[PDB]
>>> print(open('entry14.txt').read())   # compact mmCIF, N, CA and C atoms
# COMPACT_ATOMS: atom_id res chain seq x y z
N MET A 1 -94.15 -8.48 -4.75
CA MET A 1 -94.78 -8.23 -6.03
C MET A 1 -95.63 -9.43 -6.45
N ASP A 2 -96.58 -9.74 -5.59
CA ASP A 2 -97.50 -10.82 -5.74
C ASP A 2 -98.53 -10.43 -6.75
N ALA A 3 -98.74 -9.12 -6.90
CA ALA A 3 -99.71 -8.68 -7.87
C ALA A 3 -99.29 -9.18 -9.25
N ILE A 4 -98.00 -9.24 -9.50
CA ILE A 4 -97.56 -9.72 -10.78
C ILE A 4 -97.16 -11.13 -10.81
N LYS A 5 -96.97 -11.75 -9.68
CA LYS A 5 -96.84 -13.18 -9.78
C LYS A 5 -98.18 -13.66 -10.34
N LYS A 6 -99.26 -13.00 -9.90
CA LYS A 6 -100.59 -13.32 -10.35
C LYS A 6 -100.88 -12.78 -11.76
N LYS A 7 -100.41 -11.57 -12.10
CA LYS A 7 -100.62 -11.08 -13.45
C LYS A 7 -99.84 -11.92 -14.43
N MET A 8 -98.63 -12.31 -14.03
CA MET A 8 -97.78 -13.16 -14.81
C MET A 8 -98.49 -14.41 -15.11
N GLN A 9 -99.11 -15.02 -14.11
CA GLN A 9 -99.80 -16.24 -14.41
C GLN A 9 -100.94 -15.98 -15.36
N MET A 10 -101.64 -14.87 -15.21
CA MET A 10 -102.74 -14.65 -16.13
C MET A 10 -102.25 -14.47 -17.55
N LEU A 11 -101.18 -13.73 -17.74
CA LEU A 11 -100.68 -13.52 -19.07
C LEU A 11 -100.03 -14.76 -19.59
N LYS A 12 -99.46 -15.55 -18.69
CA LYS A 12 -98.85 -16.80 -19.05
C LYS A 12 -99.93 -17.69 -19.58
N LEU A 13 -101.09 -17.71 -18.94
CA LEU A 13 -102.19 -18.51 -19.42
C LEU A 13 -102.69 -17.96 -20.73
N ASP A 14 -102.75 -16.65 -20.87
CA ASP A 14 -103.25 -16.10 -22.11
C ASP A 14 -102.32 -16.45 -23.25
N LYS A 15 -101.00 -16.39 -23.02
CA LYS A 15 -100.11 -16.73 -24.09
C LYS A 15 -100.00 -18.19 -24.27
N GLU A 16 -100.14 -18.96 -23.20
CA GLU A 16 -99.98 -20.37 -23.33
C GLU A 16 -101.13 -20.87 -24.15
N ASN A 17 -102.30 -20.27 -23.96
CA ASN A 17 -103.46 -20.68 -24.71
C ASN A 17 -103.32 -20.23 -26.16
N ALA A 18 -102.81 -19.01 -26.40
CA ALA A 18 -102.61 -18.52 -27.75
C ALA A 18 -101.54 -19.35 -28.45
N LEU A 19 -100.54 -19.77 -27.68
CA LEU A 19 -99.43 -20.58 -28.13
C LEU A 19 -99.88 -21.97 -28.39
N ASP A 20 -100.73 -22.51 -27.53
CA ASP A 20 -101.27 -23.83 -27.74
C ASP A 20 -101.94 -23.74 -29.10
N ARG A 21 -102.73 -22.68 -29.32
CA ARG A 21 -103.35 -22.51 -30.60
C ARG A 21 -102.33 -22.29 -31.71
N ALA A 22 -101.24 -21.55 -31.49
CA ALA A 22 -100.27 -21.36 -32.57
C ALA A 22 -99.69 -22.67 -33.00
N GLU A 23 -99.41 -23.52 -32.02
CA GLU A 23 -98.84 -24.81 -32.26
C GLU A 23 -99.84 -25.73 -32.92
N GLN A 24 -101.10 -25.68 -32.49
CA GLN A 24 -102.12 -26.51 -33.09
C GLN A 24 -102.42 -26.04 -34.48
N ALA A 25 -102.51 -24.75 -34.65
CA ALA A 25 -102.84 -24.19 -35.93
C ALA A 25 -101.80 -24.60 -36.96
N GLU A 26 -100.53 -24.64 -36.56
CA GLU A 26 -99.52 -25.12 -37.47
C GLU A 26 -99.57 -26.66 -37.57
N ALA A 27 -99.80 -27.35 -36.44
CA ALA A 27 -99.83 -28.81 -36.39
C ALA A 27 -100.94 -29.41 -37.23
N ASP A 28 -102.05 -28.70 -37.33
CA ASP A 28 -103.23 -29.13 -38.06
C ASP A 28 -102.98 -29.30 -39.55
N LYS A 29 -102.02 -28.56 -40.09
CA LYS A 29 -101.67 -28.57 -41.51
C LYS A 29 -102.86 -28.34 -42.44
N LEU B 228 -67.63 15.53 54.01
CA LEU B 228 -68.63 16.17 53.19
C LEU B 228 -68.03 16.93 52.06
N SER B 229 -66.83 17.44 52.20
CA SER B 229 -66.18 18.13 51.11
C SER B 229 -65.88 17.09 50.09
N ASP B 230 -65.39 15.93 50.52
CA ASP B 230 -65.14 14.88 49.58
C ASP B 230 -66.44 14.31 49.12
N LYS B 231 -67.42 14.14 50.00
CA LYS B 231 -68.69 13.59 49.58
C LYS B 231 -69.27 14.53 48.56
N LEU B 232 -69.08 15.83 48.75
CA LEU B 232 -69.52 16.86 47.83
C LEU B 232 -68.75 16.79 46.56
N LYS B 233 -67.43 16.68 46.61
CA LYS B 233 -66.66 16.58 45.39
C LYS B 233 -67.06 15.34 44.64
N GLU B 234 -67.33 14.27 45.36
CA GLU B 234 -67.74 13.00 44.81
C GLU B 234 -69.15 13.11 44.29
N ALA B 235 -70.02 13.79 45.03
CA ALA B 235 -71.40 14.01 44.64
C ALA B 235 -71.42 14.97 43.51
N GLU B 236 -70.47 15.90 43.52
CA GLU B 236 -70.30 16.88 42.48
C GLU B 236 -69.74 16.17 41.30
N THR B 237 -68.86 15.21 41.51
CA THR B 237 -68.33 14.41 40.43
C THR B 237 -69.49 13.63 39.86
N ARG B 238 -70.35 13.10 40.73
CA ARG B 238 -71.55 12.38 40.33
C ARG B 238 -72.54 13.31 39.68
N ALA B 239 -72.64 14.55 40.15
CA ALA B 239 -73.54 15.53 39.57
C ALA B 239 -73.02 15.96 38.26
N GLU B 240 -71.71 16.13 38.18
CA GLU B 240 -71.02 16.56 37.00
C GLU B 240 -71.01 15.38 36.10
N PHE B 241 -70.84 14.19 36.66
CA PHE B 241 -70.87 12.98 35.88
C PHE B 241 -72.19 12.87 35.28
N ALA B 242 -73.21 13.02 36.08
CA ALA B 242 -74.52 12.93 35.56
C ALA B 242 -74.75 14.09 34.60
N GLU B 243 -74.22 15.29 34.84
CA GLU B 243 -74.42 16.35 33.86
C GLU B 243 -73.73 15.99 32.56
N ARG B 244 -72.56 15.37 32.64
CA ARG B 244 -71.82 14.98 31.45
C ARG B 244 -72.46 13.76 30.79
N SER B 245 -72.90 12.82 31.61
CA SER B 245 -73.53 11.61 31.14
C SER B 245 -74.80 12.02 30.48
N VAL B 246 -75.52 12.94 31.12
CA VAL B 246 -76.72 13.49 30.56
C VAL B 246 -76.31 14.20 29.31
N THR B 247 -75.24 14.98 29.31
CA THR B 247 -74.79 15.66 28.10
C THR B 247 -74.49 14.67 27.00
N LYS B 248 -73.79 13.58 27.32
CA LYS B 248 -73.48 12.56 26.34
C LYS B 248 -74.76 11.96 25.85
N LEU B 249 -75.72 11.77 26.73
CA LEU B 249 -76.99 11.21 26.38
C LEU B 249 -77.94 12.23 25.78
N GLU B 250 -77.65 13.51 26.01
CA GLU B 250 -78.42 14.59 25.42
C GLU B 250 -78.02 14.53 23.96
N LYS B 251 -76.73 14.28 23.74
CA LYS B 251 -76.20 14.13 22.42
C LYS B 251 -76.68 12.83 21.82
N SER B 252 -76.62 11.72 22.57
CA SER B 252 -77.06 10.45 22.04
C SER B 252 -78.56 10.38 21.94
N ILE B 253 -79.31 11.12 22.75
CA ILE B 253 -80.73 11.05 22.57
C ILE B 253 -81.02 11.80 21.34
N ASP B 254 -80.34 12.94 21.10
CA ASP B 254 -80.61 13.69 19.91
C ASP B 254 -80.10 12.92 18.72
N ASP B 255 -79.01 12.16 18.89
CA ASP B 255 -78.55 11.39 17.77
C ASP B 255 -79.56 10.31 17.52
N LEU B 256 -80.13 9.70 18.55
CA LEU B 256 -81.13 8.70 18.29
C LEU B 256 -82.40 9.33 17.81
N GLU B 257 -82.68 10.57 18.24
CA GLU B 257 -83.89 11.26 17.80
C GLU B 257 -83.77 11.63 16.33
N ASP B 258 -82.55 11.90 15.90
CA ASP B 258 -82.23 12.26 14.54
C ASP B 258 -81.99 11.05 13.68
N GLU B 259 -81.44 9.99 14.26
CA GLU B 259 -81.20 8.75 13.55
C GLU B 259 -82.49 8.00 13.44
N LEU B 260 -83.32 8.01 14.46
CA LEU B 260 -84.57 7.32 14.33
C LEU B 260 -85.39 8.09 13.34
N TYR B 261 -85.36 9.41 13.45
CA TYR B 261 -86.03 10.29 12.53
C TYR B 261 -85.55 10.06 11.13
N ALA B 262 -84.24 10.09 10.92
CA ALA B 262 -83.68 9.91 9.60
C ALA B 262 -83.95 8.55 9.07
N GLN B 263 -83.90 7.54 9.93
CA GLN B 263 -84.14 6.22 9.42
C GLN B 263 -85.58 6.12 9.06
N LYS B 264 -86.50 6.63 9.84
CA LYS B 264 -87.91 6.54 9.45
C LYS B 264 -88.23 7.36 8.23
N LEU B 265 -87.66 8.56 8.22
CA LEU B 265 -87.84 9.53 7.19
C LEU B 265 -87.30 9.03 5.90
N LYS B 266 -86.24 8.26 5.94
CA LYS B 266 -85.73 7.70 4.73
C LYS B 266 -86.22 6.28 4.55
N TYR B 267 -86.50 5.57 5.61
CA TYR B 267 -86.87 4.19 5.44
C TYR B 267 -88.31 3.94 5.16
N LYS B 268 -89.23 4.55 5.89
CA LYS B 268 -90.57 4.27 5.51
C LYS B 268 -90.80 5.17 4.32
N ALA B 269 -90.22 6.37 4.33
CA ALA B 269 -90.48 7.17 3.15
C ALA B 269 -89.96 6.51 1.88
N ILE B 270 -88.80 5.82 1.92
CA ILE B 270 -88.35 5.18 0.70
C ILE B 270 -88.99 3.84 0.49
N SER B 271 -89.04 2.98 1.49
CA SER B 271 -89.59 1.67 1.24
C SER B 271 -91.08 1.64 1.08
N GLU B 272 -91.76 2.58 1.72
CA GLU B 272 -93.21 2.70 1.58
C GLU B 272 -93.46 3.27 0.19
N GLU B 273 -92.52 4.11 -0.24
CA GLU B 273 -92.56 4.71 -1.56
C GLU B 273 -92.31 3.58 -2.54
N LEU B 274 -91.39 2.68 -2.18
CA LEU B 274 -91.12 1.54 -3.03
C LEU B 274 -92.40 0.69 -3.12
N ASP B 275 -93.18 0.57 -2.04
CA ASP B 275 -94.47 -0.13 -2.12
C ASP B 275 -95.48 0.70 -2.93
N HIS B 276 -95.37 2.03 -2.90
CA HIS B 276 -96.22 2.82 -3.77
C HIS B 276 -95.77 2.50 -5.17
N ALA B 277 -94.47 2.49 -5.37
CA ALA B 277 -93.99 2.15 -6.66
C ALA B 277 -94.51 0.75 -6.95
N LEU B 278 -94.60 -0.20 -6.00
CA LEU B 278 -95.18 -1.53 -6.28
C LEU B 278 -96.53 -1.34 -6.92
N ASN B 279 -97.34 -0.42 -6.39
CA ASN B 279 -98.65 -0.21 -6.97
C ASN B 279 -98.53 0.03 -8.48
N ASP B 280 -97.48 0.74 -8.89
CA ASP B 280 -97.25 0.98 -10.30
C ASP B 280 -96.29 -0.06 -10.91
N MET B 281 -95.31 -0.54 -10.14
CA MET B 281 -94.26 -1.41 -10.65
C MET B 281 -94.80 -2.68 -11.14
N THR B 282 -95.81 -3.16 -10.44
CA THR B 282 -96.47 -4.43 -10.66
C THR B 282 -97.73 -4.26 -11.48
N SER B 283 -97.94 -3.07 -11.99
CA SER B 283 -99.06 -2.88 -12.87
C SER B 283 -98.52 -3.42 -14.18
N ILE B 284 -99.37 -3.52 -15.19
CA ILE B 284 -99.04 -3.96 -16.55
C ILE B 284 -99.19 -5.46 -16.60
N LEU C 99 -109.17 -7.33 -10.02
CA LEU C 99 -110.13 -8.25 -9.42
C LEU C 99 -110.52 -7.78 -8.04
N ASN C 100 -111.83 -7.77 -7.79
CA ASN C 100 -112.41 -7.15 -6.61
C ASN C 100 -111.65 -7.47 -5.33
N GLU C 101 -111.35 -8.75 -5.09
CA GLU C 101 -110.64 -9.09 -3.87
C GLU C 101 -109.24 -8.50 -3.86
N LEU C 102 -108.45 -8.76 -4.90
CA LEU C 102 -107.08 -8.28 -4.91
C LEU C 102 -107.02 -6.76 -5.00
N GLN C 103 -107.82 -6.16 -5.88
CA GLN C 103 -107.76 -4.71 -6.02
C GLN C 103 -108.25 -4.03 -4.75
N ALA C 104 -109.30 -4.56 -4.13
CA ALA C 104 -109.82 -3.98 -2.91
C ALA C 104 -108.81 -4.08 -1.78
N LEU C 105 -108.19 -5.25 -1.60
CA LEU C 105 -107.24 -5.39 -0.51
C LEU C 105 -106.00 -4.54 -0.75
N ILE C 106 -105.52 -4.44 -1.98
CA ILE C 106 -104.30 -3.68 -2.21
C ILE C 106 -104.58 -2.19 -2.12
N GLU C 107 -105.80 -1.76 -2.42
CA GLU C 107 -106.11 -0.36 -2.21
C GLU C 107 -106.27 -0.06 -0.73
N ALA C 108 -106.93 -0.97 0.00
CA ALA C 108 -106.89 -0.89 1.45
C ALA C 108 -105.46 -0.77 1.93
N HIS C 109 -104.57 -1.57 1.35
CA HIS C 109 -103.16 -1.49 1.68
C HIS C 109 -102.65 -0.07 1.49
N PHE C 110 -102.70 0.41 0.25
CA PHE C 110 -102.20 1.74 -0.07
C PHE C 110 -102.74 2.76 0.92
N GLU C 111 -104.06 2.98 0.88
CA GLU C 111 -104.64 4.06 1.66
C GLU C 111 -104.37 3.87 3.14
N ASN C 112 -104.93 2.81 3.72
CA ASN C 112 -104.87 2.63 5.15
C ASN C 112 -103.43 2.68 5.63
N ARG C 113 -102.59 1.78 5.11
CA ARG C 113 -101.27 1.61 5.68
C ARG C 113 -100.38 2.82 5.45
N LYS C 114 -100.31 3.37 4.23
CA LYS C 114 -99.34 4.44 4.01
C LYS C 114 -99.84 5.77 4.57
N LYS C 115 -101.13 6.05 4.45
CA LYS C 115 -101.70 7.15 5.21
C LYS C 115 -101.30 7.04 6.68
N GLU C 116 -101.45 5.84 7.23
CA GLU C 116 -101.05 5.58 8.60
C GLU C 116 -99.56 5.81 8.79
N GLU C 117 -98.76 5.42 7.81
CA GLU C 117 -97.31 5.58 7.91
C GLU C 117 -96.93 7.05 7.96
N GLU C 118 -97.62 7.87 7.18
CA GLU C 118 -97.36 9.30 7.25
C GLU C 118 -97.87 9.87 8.56
N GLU C 119 -98.95 9.33 9.10
CA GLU C 119 -99.33 9.67 10.47
C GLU C 119 -98.16 9.43 11.41
N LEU C 120 -97.56 8.24 11.32
CA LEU C 120 -96.41 7.92 12.15
C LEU C 120 -95.27 8.89 11.93
N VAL C 121 -94.93 9.16 10.67
CA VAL C 121 -93.86 10.09 10.36
C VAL C 121 -94.11 11.41 11.06
N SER C 122 -95.25 12.02 10.79
CA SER C 122 -95.62 13.27 11.43
C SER C 122 -95.47 13.20 12.94
N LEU C 123 -96.14 12.25 13.58
CA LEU C 123 -96.23 12.28 15.04
C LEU C 123 -94.89 11.96 15.69
N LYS C 124 -94.14 11.01 15.13
CA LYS C 124 -92.81 10.77 15.65
C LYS C 124 -91.93 11.99 15.49
N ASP C 125 -92.08 12.72 14.38
CA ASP C 125 -91.35 13.97 14.23
C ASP C 125 -91.75 14.95 15.31
N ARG C 126 -93.04 14.96 15.64
CA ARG C 126 -93.50 15.80 16.74
C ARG C 126 -92.81 15.41 18.03
N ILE C 127 -92.69 14.11 18.28
CA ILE C 127 -92.06 13.62 19.50
C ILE C 127 -90.61 14.08 19.55
N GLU C 128 -89.88 13.88 18.46
CA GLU C 128 -88.47 14.24 18.43
C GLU C 128 -88.28 15.74 18.60
N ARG C 129 -89.16 16.52 17.98
CA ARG C 129 -89.11 17.96 18.17
C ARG C 129 -89.31 18.31 19.63
N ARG C 130 -90.28 17.67 20.28
CA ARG C 130 -90.47 17.86 21.71
C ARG C 130 -89.18 17.57 22.46
N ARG C 131 -88.55 16.45 22.14
CA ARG C 131 -87.30 16.07 22.79
C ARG C 131 -86.27 17.18 22.68
N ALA C 132 -86.00 17.62 21.45
CA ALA C 132 -84.93 18.59 21.25
C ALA C 132 -85.26 19.93 21.89
N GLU C 133 -86.52 20.37 21.79
CA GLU C 133 -86.86 21.66 22.36
C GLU C 133 -86.76 21.64 23.87
N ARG C 134 -87.24 20.56 24.50
CA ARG C 134 -87.16 20.50 25.96
C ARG C 134 -85.72 20.36 26.42
N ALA C 135 -84.88 19.68 25.64
CA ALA C 135 -83.46 19.63 25.97
C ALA C 135 -82.84 21.01 25.93
N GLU C 136 -83.12 21.78 24.88
CA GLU C 136 -82.59 23.14 24.81
C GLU C 136 -83.12 23.99 25.96
N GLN C 137 -84.38 23.77 26.32
CA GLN C 137 -84.94 24.51 27.45
C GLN C 137 -84.20 24.20 28.73
N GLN C 138 -83.89 22.92 28.96
CA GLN C 138 -83.05 22.57 30.10
C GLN C 138 -81.71 23.27 30.02
N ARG C 139 -81.15 23.38 28.81
CA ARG C 139 -79.89 24.09 28.66
C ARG C 139 -80.00 25.53 29.13
N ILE C 140 -81.07 26.21 28.73
CA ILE C 140 -81.24 27.60 29.14
C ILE C 140 -81.47 27.68 30.65
N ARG C 141 -82.21 26.71 31.20
CA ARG C 141 -82.39 26.64 32.64
C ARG C 141 -81.05 26.54 33.35
N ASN C 142 -80.16 25.69 32.84
CA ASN C 142 -78.84 25.54 33.45
C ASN C 142 -78.05 26.83 33.37
N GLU C 143 -78.15 27.53 32.23
CA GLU C 143 -77.56 28.86 32.13
C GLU C 143 -78.02 29.74 33.29
N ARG C 144 -79.33 29.91 33.42
CA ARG C 144 -79.86 30.79 34.46
C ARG C 144 -79.42 30.34 35.85
N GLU C 145 -79.43 29.04 36.11
CA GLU C 145 -79.13 28.58 37.47
C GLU C 145 -77.66 28.79 37.81
N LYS C 146 -76.75 28.47 36.89
CA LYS C 146 -75.36 28.75 37.19
C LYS C 146 -75.15 30.24 37.34
N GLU C 147 -75.97 31.05 36.68
CA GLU C 147 -75.99 32.47 37.02
C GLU C 147 -76.41 32.67 38.46
N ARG C 148 -77.39 31.88 38.94
CA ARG C 148 -77.72 31.93 40.36
C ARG C 148 -76.58 31.38 41.20
N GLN C 149 -75.97 30.29 40.76
CA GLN C 149 -74.74 29.84 41.38
C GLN C 149 -73.55 30.67 40.97
N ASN C 150 -73.77 31.68 40.13
CA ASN C 150 -72.80 32.74 39.89
C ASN C 150 -71.52 32.19 39.27
N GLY C 199 -42.72 47.19 31.86
CA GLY C 199 -42.01 47.99 32.85
C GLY C 199 -40.97 48.90 32.23
N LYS C 200 -39.70 48.65 32.57
CA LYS C 200 -38.61 49.43 31.99
C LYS C 200 -38.65 49.40 30.47
N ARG C 201 -38.84 48.21 29.90
CA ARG C 201 -38.97 48.11 28.45
C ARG C 201 -40.15 48.94 27.95
N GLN C 202 -41.26 48.94 28.68
CA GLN C 202 -42.38 49.81 28.32
C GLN C 202 -41.96 51.27 28.30
N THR C 203 -41.21 51.71 29.31
CA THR C 203 -40.83 53.12 29.39
C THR C 203 -39.90 53.51 28.24
N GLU C 204 -38.86 52.72 28.00
CA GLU C 204 -37.94 53.05 26.92
C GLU C 204 -38.63 52.94 25.56
N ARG C 205 -39.56 52.00 25.42
CA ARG C 205 -40.37 51.94 24.21
C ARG C 205 -41.18 53.21 24.04
N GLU C 206 -41.81 53.68 25.11
CA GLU C 206 -42.57 54.92 25.03
C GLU C 206 -41.67 56.07 24.60
N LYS C 207 -40.48 56.16 25.20
CA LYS C 207 -39.51 57.17 24.80
C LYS C 207 -39.26 57.12 23.30
N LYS C 208 -38.75 55.98 22.80
CA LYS C 208 -38.39 55.90 21.39
C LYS C 208 -39.59 56.14 20.48
N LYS C 209 -40.74 55.53 20.79
CA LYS C 209 -41.86 55.55 19.87
C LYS C 209 -42.52 56.92 19.83
N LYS C 210 -42.65 57.59 20.97
CA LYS C 210 -43.18 58.94 20.94
C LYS C 210 -42.19 59.91 20.33
>>> encode(input="entry14.txt", output="structure tokens")
Amino acid sequence: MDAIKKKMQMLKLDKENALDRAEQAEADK
Amino acid sequence: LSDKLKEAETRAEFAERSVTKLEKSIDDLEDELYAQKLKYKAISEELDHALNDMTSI
Amino acid sequence: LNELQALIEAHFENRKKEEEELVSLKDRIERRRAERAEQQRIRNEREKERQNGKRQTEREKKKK
């Protein structure tokens, strides 16, 4: 299931980026 | 020759029985290979078809 | 993605279509095996064809 090891990484990046923003958005105050 | 015949007949009968045992074992292998392929590629290949869907999303 | 989607569709079509080819043809082989074995059985049939008181009396008395 390499198709999702790869989809996982894509979604992981999408959330990590959204999360980076969630954390920054809160961190920015 | 009577003994050679009985012995050859034993060998012929042996071979008929051995062949019979192997007629059975060839059919068992024909059915087991069949069943294993029929269930194995049919299931695991199906599982890879399911991969096509399983790994979607 | 073109590379991954193209290769995995090649996978699906080519390989499993091929696998069903195998299933079919191996089944054909096994059917051949069993039918020819039965034919030999019938041959063997044909060839071996070529290779080819007092109590009664007293009982009758009483019962009749």
>>> atom_distance(input="entry14.txt", atom1="atom CA of residue 268 of chain B", atom2="atom C of residue 112 of chain C")
13.0 Å
>>> interface_residues(input="entry14.txt", of="chain B", to="chain A", cutoff="8 Å", atoms="all atoms listed in the file", output="PDB file with N, CA and C atoms, in the coordinates of the input")
ATOM      1  N   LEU B 278     -94.600  -0.200  -6.000  1.00  0.00           N
ATOM      2  CA  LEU B 278     -95.180  -1.530  -6.280  1.00  0.00           C
ATOM      3  C   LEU B 278     -96.530  -1.340  -6.920  1.00  0.00           C
ATOM      4  N   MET B 281     -95.310  -0.540 -10.140  1.00  0.00           N
ATOM      5  CA  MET B 281     -94.260  -1.410 -10.650  1.00  0.00           C
ATOM      6  C   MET B 281     -94.800  -2.680 -11.140  1.00  0.00           C
ATOM      7  N   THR B 282     -95.810  -3.160 -10.440  1.00  0.00           N
ATOM      8  CA  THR B 282     -96.470  -4.430 -10.660  1.00  0.00           C
ATOM      9  C   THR B 282     -97.730  -4.260 -11.480  1.00  0.00           C
ATOM     10  N   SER B 283     -97.940  -3.070 -11.990  1.00  0.00           N
ATOM     11  CA  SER B 283     -99.060  -2.880 -12.870  1.00  0.00           C
ATOM     12  C   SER B 283     -98.520  -3.420 -14.180  1.00  0.00           C
ATOM     13  N   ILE B 284     -99.370  -3.520 -15.190  1.00  0.00           N
ATOM     14  CA  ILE B 284     -99.040  -3.960 -16.550  1.00  0.00           C
ATOM     15  C   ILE B 284     -99.190  -5.460 -16.600  1.00  0.00           C
TER      16      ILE B 284
END
>>> select_by_dssp(input="entry14.txt", residues="chain C", states="alpha helix (DSSP H)", output="number ranges by chain")
C: 100-108, 115-148, 200-209
>>> interface_residues(input="entry14.txt", of="chain C", to="chain B", cutoff="9 Å", atoms="only C-alpha atoms", output="list in words")
residues 106, 107, 110, 114, 117, 118, 121, 124, 125, 127, 128, 129, 131, 132 and 135 of chain C
>>> atom_distance(input="entry14.txt", atom1="atom C of residue 103 of chain C", atom2="atom N of residue 271 of chain B")
21.4 Å
>>> atom_distance(input="entry14.txt", atom1="atom C of residue 244 of chain B", atom2="atom C of residue 145 of chain C")
17.4 Å
>>> build_atoms(input="entry14.txt", residues="segment 245-260 of chain B", atoms="N, CA, C and O atoms", output="compact mmCIF listing (two decimals), keeping the file's coordinate frame")
# COMPACT_ATOMS: atom_id res chain seq x y z
N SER B 245 -72.90 12.82 31.61
CA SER B 245 -73.53 11.61 31.14
C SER B 245 -74.80 12.02 30.48
O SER B 245 -75.11 11.55 29.40
N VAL B 246 -75.52 12.94 31.12
CA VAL B 246 -76.72 13.49 30.56
C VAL B 246 -76.31 14.20 29.31
O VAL B 246 -76.93 13.93 28.31
N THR B 247 -75.24 14.98 29.31
CA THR B 247 -74.79 15.66 28.10
C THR B 247 -74.49 14.67 27.00
O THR B 247 -74.87 14.88 25.85
N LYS B 248 -73.79 13.58 27.32
CA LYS B 248 -73.48 12.56 26.34
C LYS B 248 -74.76 11.96 25.85
O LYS B 248 -74.89 11.69 24.66
N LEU B 249 -75.72 11.77 26.73
CA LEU B 249 -76.99 11.21 26.38
C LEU B 249 -77.94 12.23 25.78
O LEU B 249 -78.89 11.85 25.12
N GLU B 250 -77.65 13.51 26.01
CA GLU B 250 -78.42 14.59 25.42
C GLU B 250 -78.02 14.53 23.96
O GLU B 250 -78.84 14.72 23.06
N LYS B 251 -76.73 14.28 23.74
CA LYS B 251 -76.20 14.13 22.42
C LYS B 251 -76.68 12.83 21.82
O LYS B 251 -77.18 12.86 20.71
N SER B 252 -76.62 11.72 22.57
CA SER B 252 -77.06 10.45 22.04
C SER B 252 -78.56 10.38 21.94
O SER B 252 -79.06 9.63 21.11
N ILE B 253 -79.31 11.12 22.75
CA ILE B 253 -80.73 11.05 22.57
C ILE B 253 -81.02 11.80 21.34
O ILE B 253 -81.79 11.31 20.55
N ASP B 254 -80.34 12.94 21.10
CA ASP B 254 -80.61 13.69 19.91
C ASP B 254 -80.10 12.92 18.72
O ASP B 254 -80.70 12.96 17.67
N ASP B 255 -79.01 12.16 18.89
CA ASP B 255 -78.55 11.39 17.77
C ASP B 255 -79.56 10.31 17.52
O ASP B 255 -79.90 10.09 16.38
N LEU B 256 -80.13 9.70 18.55
CA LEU B 256 -81.13 8.70 18.29
C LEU B 256 -82.40 9.33 17.81
O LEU B 256 -83.14 8.71 17.06
N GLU B 257 -82.68 10.57 18.24
CA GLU B 257 -83.89 11.26 17.80
C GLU B 257 -83.77 11.63 16.33
O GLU B 257 -84.77 11.67 15.60
N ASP B 258 -82.55 11.90 15.90
CA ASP B 258 -82.23 12.26 14.54
C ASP B 258 -81.99 11.05 13.68
O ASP B 258 -82.28 11.07 12.50
N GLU B 259 -81.44 9.99 14.26
CA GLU B 259 -81.20 8.75 13.55
C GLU B 259 -82.49 8.00 13.44
O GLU B 259 -82.74 7.39 12.42
N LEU B 260 -83.32 8.01 14.46
CA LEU B 260 -84.57 7.32 14.33
C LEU B 260 -85.39 8.09 13.34
O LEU B 260 -85.99 7.50 12.45
